[PDB]
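# Understanding the architecture of this molecule
Here's the letter readout for the chains.
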Amino acid sequence: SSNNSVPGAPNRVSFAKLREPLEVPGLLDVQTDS
Amino acid sequence: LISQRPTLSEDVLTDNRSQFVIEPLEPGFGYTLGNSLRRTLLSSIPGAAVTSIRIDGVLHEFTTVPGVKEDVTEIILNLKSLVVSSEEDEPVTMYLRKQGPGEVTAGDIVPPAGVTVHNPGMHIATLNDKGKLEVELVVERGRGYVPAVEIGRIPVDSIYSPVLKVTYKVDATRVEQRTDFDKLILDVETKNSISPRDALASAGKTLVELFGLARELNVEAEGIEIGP
Amino acid sequence: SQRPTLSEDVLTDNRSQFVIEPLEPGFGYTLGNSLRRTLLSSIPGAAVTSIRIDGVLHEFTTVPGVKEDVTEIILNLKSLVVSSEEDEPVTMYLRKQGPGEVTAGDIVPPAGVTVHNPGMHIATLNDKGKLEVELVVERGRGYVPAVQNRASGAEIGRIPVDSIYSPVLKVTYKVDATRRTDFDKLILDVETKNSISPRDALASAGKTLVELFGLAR
Amino acid sequence: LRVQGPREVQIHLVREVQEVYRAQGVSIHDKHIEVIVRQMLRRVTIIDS
Amino acid sequence: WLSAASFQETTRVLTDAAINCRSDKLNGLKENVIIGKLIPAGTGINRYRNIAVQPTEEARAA
Amino acid sequence: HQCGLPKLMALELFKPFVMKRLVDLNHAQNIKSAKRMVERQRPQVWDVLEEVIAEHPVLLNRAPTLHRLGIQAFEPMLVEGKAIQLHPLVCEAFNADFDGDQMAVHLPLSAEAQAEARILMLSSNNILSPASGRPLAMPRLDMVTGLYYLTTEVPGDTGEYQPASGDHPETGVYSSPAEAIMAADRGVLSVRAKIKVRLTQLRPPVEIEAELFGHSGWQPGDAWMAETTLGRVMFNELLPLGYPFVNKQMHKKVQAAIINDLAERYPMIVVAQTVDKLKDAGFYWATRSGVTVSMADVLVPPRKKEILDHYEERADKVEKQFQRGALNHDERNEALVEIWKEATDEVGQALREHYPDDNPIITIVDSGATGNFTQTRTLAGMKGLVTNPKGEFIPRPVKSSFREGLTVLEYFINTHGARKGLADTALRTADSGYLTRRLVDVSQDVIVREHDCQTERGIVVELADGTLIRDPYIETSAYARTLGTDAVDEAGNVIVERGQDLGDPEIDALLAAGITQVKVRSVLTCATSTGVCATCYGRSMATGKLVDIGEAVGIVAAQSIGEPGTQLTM
Amino acid sequence: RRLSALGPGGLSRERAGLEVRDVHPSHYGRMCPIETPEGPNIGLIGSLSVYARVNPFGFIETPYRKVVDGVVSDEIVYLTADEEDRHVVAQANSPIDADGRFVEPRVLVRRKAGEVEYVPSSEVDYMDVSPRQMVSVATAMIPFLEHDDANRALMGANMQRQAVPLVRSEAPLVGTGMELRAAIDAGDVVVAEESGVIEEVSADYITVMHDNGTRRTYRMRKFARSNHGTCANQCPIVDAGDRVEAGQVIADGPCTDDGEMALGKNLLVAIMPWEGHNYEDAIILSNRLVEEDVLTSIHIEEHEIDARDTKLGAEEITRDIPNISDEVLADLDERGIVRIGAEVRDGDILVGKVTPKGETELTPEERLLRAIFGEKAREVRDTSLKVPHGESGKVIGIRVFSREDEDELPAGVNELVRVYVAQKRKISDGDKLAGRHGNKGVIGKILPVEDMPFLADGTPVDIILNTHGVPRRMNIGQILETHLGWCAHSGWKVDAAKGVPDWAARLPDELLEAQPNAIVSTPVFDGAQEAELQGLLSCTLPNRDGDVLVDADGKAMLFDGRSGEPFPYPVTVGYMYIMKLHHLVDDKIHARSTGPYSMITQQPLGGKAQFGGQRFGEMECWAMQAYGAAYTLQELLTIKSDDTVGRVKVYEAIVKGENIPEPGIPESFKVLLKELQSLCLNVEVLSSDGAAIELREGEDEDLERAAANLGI
Amino acid sequence: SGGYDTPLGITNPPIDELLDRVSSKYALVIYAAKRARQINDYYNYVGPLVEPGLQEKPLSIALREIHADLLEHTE
RNA sequence: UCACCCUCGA
Ligand SMILES: [Mg+2]
Ligand SMILES: [Zn+2]
């Protein structure tokens, strides 16, 4: 709903019926880790 | 600002039908006056026509009239096509009575004072041997088209409009700098009451009054022209 | 069959309903649309032709200290509603130093022209922000995209802008049909920017349509 | 070809090809496949020159 | 040999055509396409290509 | 016959022409200043350009060029913008859409090239597919939808003719179609309402004409009564003057047959103008048709849950039977595939049974404008079973329609078949193209040389308990041939004589007389030394008449075979 | 994040079969099955999934939830493809006891074989961490993805990343949760590295003061050209004195709006065929989108030219250009370089450059001048850089490197100057628009705001999408997007007096009421269900006049803006997200009457950049032959392409208004003959009955007319 | 040729009537082409035999001549 | 301009 893990992010109310137990990792980690 | 040279020309197909071209118009105004001119030509021109008819001997069974081959439906169809001009505001009745085997024409009708039948050579019905036809007609003025509105008298569909069929189209004819200007083509087919020229002129006068209604509102600045 | 009449109702300063009646059956829609198309298209007004900022020679750069770039400033300047009695090219000016917000009220219009929304945001300045803008205002109709410097005799500093001349905001209509005696009652609904009042715009379009339909005769 | 003659192998090839094309609902007039098949039988081999 | 060389397996075609010392008659369509000659089909046929056009004497008077 | 040509493209393409005509007029003193004037784009050029373009055709091409209709000549009209404007009827020929396609323009220069463009390659000259003879350039999908809505009949619509009851007259008859138009301007007469009109300028059907008139003659202005809809009247107005009145709901098949007859009998230019008028009216009434999509217009089958419960009960029986080792693994998968095929078909049947005939989805599918009902079944009903990467069916189907939305698993399973097909088509088009190239090579030497082989050889086609059973191949094999031996039957007469066109009337009259087989000339048995003869090849598909002499029918045959190659699947 | 199967050490391109490209069952949660090229690279390039990470060994692992005793814990275990097949994995969509357990008897699961089946809840080892686990970034941004087929979903995912940035970015009214995260991880947005308060904000930079007391400043990328020409501007979204936490977005990038990915605009769409201008996938636009710069985009292009050392001497970048008017040079500075801010047109000089002429090609009439007037010092020619065809804009910037100064330049290159030119492209006919659901199209016509069908209150629709394109293509997510977009535009208030209606009871938490123009998200496979959208369609808030313009069917009554009569049936209208893809007529239009040729085969060059001609290929010649048009085929193949003496003859004849001459011989045929002779093949062109024919021409044919033009 | 709407530009004159004066379409091509370049030779050799338009392309004049049978031909 | 390779468009 709030997606408050990111500060100042606009409030986009979510129709989601399921909780997210894990958060999206660093989308660039495939490069930076390497 | 100012926009000029909107000329109007006419191509004559027949005496009762013509095409008009208004060109050239700005990229607007091609469809603003396109549908309005047609609807004005159709509904806003005054003209007289038949409203109701009564024929003896056919009262209770409207299916057939003895002595003539045509049904009552075909009689009403032929009668609705009659063009007539009446000067009397109140309804005026005419009569058509013809006996003996033969063919009845619109000239065989006796027009009361003030009304005029414009197509005498029109066909109505054919009388069998020892046949006779007596029919009352009701003629009055009106506008546009209206469906069927003393027992033994039936209402018909009244075609008051002196114009029969109007269709319009818009095409581009602008300068090479623009190549987008509209141009109006109007195909108009009218009855013998008036030529398409006079029908277009009456529509123009009525619409000039209509819009003029608005102009009176402020009587202010608007797009100028050169030729009228 | 009585002569048609035109009455006016008022909702706000810039919005007015109009009622025309009687009209032939099925005729109201066509009249409402013939007027509406004319209102949006060809109501004359005044707008900014080209601007000029001192420290910038072209549109794609940033004046120091100001928060918005020159393109964002131009798009904010697009919201300006202005009126002009000159019908000739004129020049407004704006000189402002931060730290403060620049608005449309901070522009100094010359004689004859008027800015109708001083509360509009233009740009935001800080301690180091300094904004000096010329705004050429002209009078026209419709929508004219920016006049390029090759067409006019403009110089490099000139920043032509798209000018939206139409004072009208939104036009609609609805008809009441009545069926022995059938007739249509047309209801126009005009809303304009504060440049002009709906009566003025409707009268302008009425004169335009009278001049055009005069060709039929 | 060798058993029933050249006039019959053309019919065989035309109807087989047109049948595969008709399996997918394709309208190809036979004269085209005939133009193609006609080219296939224009030479003769030589046993004893 | 030109058509066959342009179609497929150019190296083998050219080898065999060099051995047999072949001479292309330049007859088929694709050959005229290659050498830029008017193709022998449609408007390029000698029947249509060499048509003579002259106004009739009756119209030549007018 | 027209194409929209951007101003910049036309100015650059005609640059020497506009320079020459711009030196003719004194805009430029010499030719170098004329070139500089066309390069600076000074306004004087544009008025000159419109002159140099007049009646100078151009060639439009879209790659890949599958048949000769992939290149067509047009008369260029100067158009504002930088995009090429293409006539909507020539799409099917080019297989051209407007999802981002591009086309190329070539300007013929020599007099002979311009003549070939105006005569051979003109857009309005090629209306028929040279492969099948059918006519492309027929109203495609949107246009049809409009026609389908314009001529369809609505029982109980506004203005519907009703018989006289008591003192109430009929009120369903109109003296002329103009009166019907005036009644339609008011809310009185619906366009789709069944009425009676007196038609003065239209020819009636053969039956009404033969009863009311003589067979030989009907004339303009001769009135006759018809019970139709005003829409069908306005449609028949689009058709040429002499064509009889149709009075049918216009499916794409029916208007296809109409254009077939018009091309078979009437000249070409009439057919072109007729399909143009059909285009205009179809687009107008497609705008007015009120065809739209919404989540409500997509109707889920009402008993779908119960159907799926029953068929999965069957499948659970099959799996329990497999758990005892009775059923074979491959037999198990085959049984499940059969079960869920049947479930898919049942759900689709229920869907069609629940869908009213006026729904926009059903109207779109069944009017023949676009789509097939299997897309309606996957959309609203059910997806069914999906392909394996190996190609097999997966024993579990996708029970969710795309309206309900697939689950994660169903979507992932669908991706298999989706990408499998996307990849397969890339190789299939290459195979078709290579085969087409080989056909072109082997067949390009085949052109018509002389008029008649004169040989009496040919081939036998069927065309057919004592009742007529029609042969499905008549169009592909029997039709369009030339008769080598005139048709003879028991108690025979002159029915079709040797060398006749063998068109539709000839085929019909042959079949009616009791003919069951015919022997016609063909290219197979043609006796020409080099090439083929016109009479043995038959009529040209694109022209309809006998094939000309210069025609290179080998390339036409190669293209005709290889064009629908990418449609052949396993 | 792409994964490519081609390259050194992997399989070659000719080794790529259909079976390596297909979606493998082990790609679940590792490689996205939707996002992949449409062309020859299909199945060879694939995007990494969202939750997947690369093993130290080089494997791809995907997270799962450990299920102990039928309960689902928060313990996440990453599994490779090897470890996964030993276990049976549940699905992300699963019924769960408040404590955590499966309420359904048998759930659907991915088998070790990967085949789907049914199994009880005590045998489930792991469960998906989330839906979209299998989906990439670009694909997970498609709302109602589960309502689209993999073909159109693929096209939508691939078309999102083809969208240009717009002068201002408008976040989508209806989206997913991926816009924010994808934007901030993409790297084109400015983020606060440490919590603090903004000390200063300018268009040039943003300086923040941490609670540490340490300053940190971020410079704004302003009108920087990207690799593909799309402009990448950066704008601050914070004001002076705002307190920002670490990780907050300080300034937006090109396609970001307040931190979220905004690849297009929210447009008012009507779904109906309109007079055939939207026929066959075309698109009708409201002229507003021009006047209000809604789809306007900035396109920067870089021009480069260098003066170097030739055999005759060194080139010079100078304003001194021989035989050139002062008027055309007016926009150039003393250096010969164009001046910043000037507007450039096709053929305008960007950089003046002269090159020493060898005098071997010097004109006889010019050698008259050089010999009579004694020209000694400067013999040069105009090699100056000009603007390419169809390209125009405002010179933004100029950078220059000189050998006279200390700069690294390649050998022989004296000076090197780059001129940047930006153009503001409005939306126009031919430009390519597309939604997130694979619905593409070009703009057939942009009608004036009056011609556009308008709602009851006079609001004209912005874009008219043809109806026939929706049902067959199996992308109905666009329709649900339209419905929810109207619901988000007008806002809604679900009635809750004895409320909690059974449809709104399941998902909506505080989605009960929403103010107009709210932003909502439909996560893929967890988006709003159909019942909830149908419910929202009813409680749509009215407009300012109290009218409900869109009924509970999502449709509305529209008025034909041309005639004025209302359209007879209600049409679906709503708000759809439309992107301007990077394919524009200004880029794609090309025309060539005559131009440069390749020196080897003498055929016209190719490509718009090289001012090349269109290739009339083999199949096009097949078509031309099938027509039997011989002269057209010869003209295309001889005097238009390869006839060296016929090209200039044709141009001269048309210039002087004469007939077109007879074609000659294609020069590439001479090249073929020479190539065969180089292969030890003796090729000879024979006469009718004669021997080999000489194929070349004598040089004395050209002298008569030259000596005559000089007045012999 | 009965009733039909008047042709516009290129399609004038209609090809059905022009093909009535020639055996094949290709022969008509060569016909009009040779007549057209003959007319163009006249401007720099006989004709035109009909009234030329405002600015008429020579091929169009040639076609309008072939329509009126104002010239003969031989294959 | 020549040759590769890459990523795209129908
Ligand atoms: Mg396409
Ligand atoms: Zn033969």
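Residues numbered from 1 in each chain as written, not as in the entry; some residues may be left out. Chains lettered and ligands numbered in written order. Part of a larger assembly, values for the part shown. Heavy atoms only, no water. Residues with missing side-chain atoms left out of burial classes, pairs and counts.

- In terms of determination method and resolution, the entry is listed under X-ray crystallography at 3.3530 Å.

### Quick word on the coordination of the zinc ion (ligand 2)
Residue and element names in this part refer to chain F.
- Those protein atoms acting as donors to the zinc ion (ligand 2) are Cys453 (SG), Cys526 (SG), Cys533 (SG) and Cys536 (SG), and they sit at 2.3 to 2.4 Å.
- Of the residues examined, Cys453 reaches a relative accessible area of 13% and is grouped as buried.
- The class for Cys536 is buried, based on a relative accessible area of 1%. (Donors = N, O, S within 2.8 Å, 3.2 Å for Na, K, Ca; no water. Buried < 20%, exposed > 50% of the residue type's maximum accessible area, 1.4 Å probe, protein only.)

### Points about the packing of aromatic side chains
- Taken as a whole and assessed by the stated rule, the structure comprises 19 aromatic pairs over all chains.
- With 6.3 Å between their ring centres and 55° between their planes, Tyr29 of chain C and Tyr173 of chain C make a pair best called tilted. Placement of the pair is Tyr29 of chain C in helix α1 (residues 28–42) and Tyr173 of chain C in strand β13 (residues 168–178), with a sequence separation of 144 residues.
- An angle of 85° between the planes, with centres 5.9 Å apart, marks the rings of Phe60 of chain C and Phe223 of chain G as edge-to-face. Here the residue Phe60 of chain C occupies a position in the loop between β3 (45–53) and α2 (70–77), and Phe223 of chain G occupies one in the loop between β13 (215–219) and β14 (224–225), the pair thus bridging two chains.
- Taking relative accessible area as the criterion, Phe223 of chain G reaches 8% and is therefore assigned buried.
- Clustering of aromatic rings is evident, with ring pairs tying together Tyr29 and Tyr173 of chain C together with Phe454 and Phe559 of chain G.
- A cation over a ring is seen here: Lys196 of chain F above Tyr161 of chain F, with NZ or CZ 5.7 Å from the ring centre. (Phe/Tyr/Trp six-rings, centres within 6.5 Å; stacked < 30°, edge-to-face > 60°. Helix = DSSP H or I, 4+ residues; strand = E, 2+ residues; numbered from the N terminus. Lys NZ or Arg CZ within 6 Å of the ring centre and 35° of its normal.)

### Considering the state of the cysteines
- Within the structure shown, the criterion is met by one disulfide over all chains.
- The disulfide partner of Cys453 of chain F is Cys526 of chain F, and the S-S distance across this bridge is 2.5 Å. Measuring handedness by torsion sign, the sulfur bridge of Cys453 of chain F and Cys526 of chain F sits at about 40° and is right-handed. Each member of the pair, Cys453 of chain F as well as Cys526 of chain F, is classed as buried.
- Of the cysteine sulfurs around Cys680 of chain G, a residue in no disulfide, the closest is that of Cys21 of chain E, at 15 Å.
- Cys680 of chain G sits in the exposed class, given a relative accessible area of 75%. (Disulfide = S-S within 2.5 Å.)

### A few points about the coordination of the magnesium ion (ligand 1)
- The protein atoms that coordinate the magnesium ion (ligand 1) are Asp97 of chain F (OD), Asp97 of chain F (OD), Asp99 of chain F (OD) and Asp101 of chain F (OD), at distances of 1.8 to 2.3 Å.
- Judged by its relative accessible area of 29%, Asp101 of chain F falls in the partly exposed class.

### Some points on the domain arrangement of chain B
All names here are of chain B.
- Looking at the assigned domains, one finds that chain B contains domain 1 (1–46 + 161–228) and domain 2 (47–160).
- For domain 1 and domain 2, the distance between their C-alpha centroids amounts to 35 Å.
- Contact residues are listed per partner, giving ten residues for domain 1 and ten residues for domain 2.
- The contact between domain 1 and domain 2 buries some 730 Å² in all, and 51% of this surface belongs to carbon and sulfur atoms.
- On the domain 1 side of the interface with domain 2, the three residues burying the most area are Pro46, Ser161 and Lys191, jointly 54% of the side's total.
- Our count for the contact surface shared by domain 1 and domain 2 stands at zero salt bridges.
- Where domain 1 packs against domain 2, one counts two residue pairs in polar contact.
- Tallied by class, the residues present in the side of domain 1 that touches domain 2 amount to four nonpolar, five polar and one charged. (Domains from an automatic or database assignment. Contact = heavy atoms within 4.5 Å. Buried area = accessible area lost by both parts, 1.4 Å probe. Salt bridge = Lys/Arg side-chain N within 4 Å of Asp/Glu carboxyl O. Polar contact = N/O pair within 3.5 Å; in protein donor to acceptor, adjacent residues only side chain to side chain. Nonpolar A, V, L, I, M, F, W, Y, C, P; charged D, E, K, R; others polar.)

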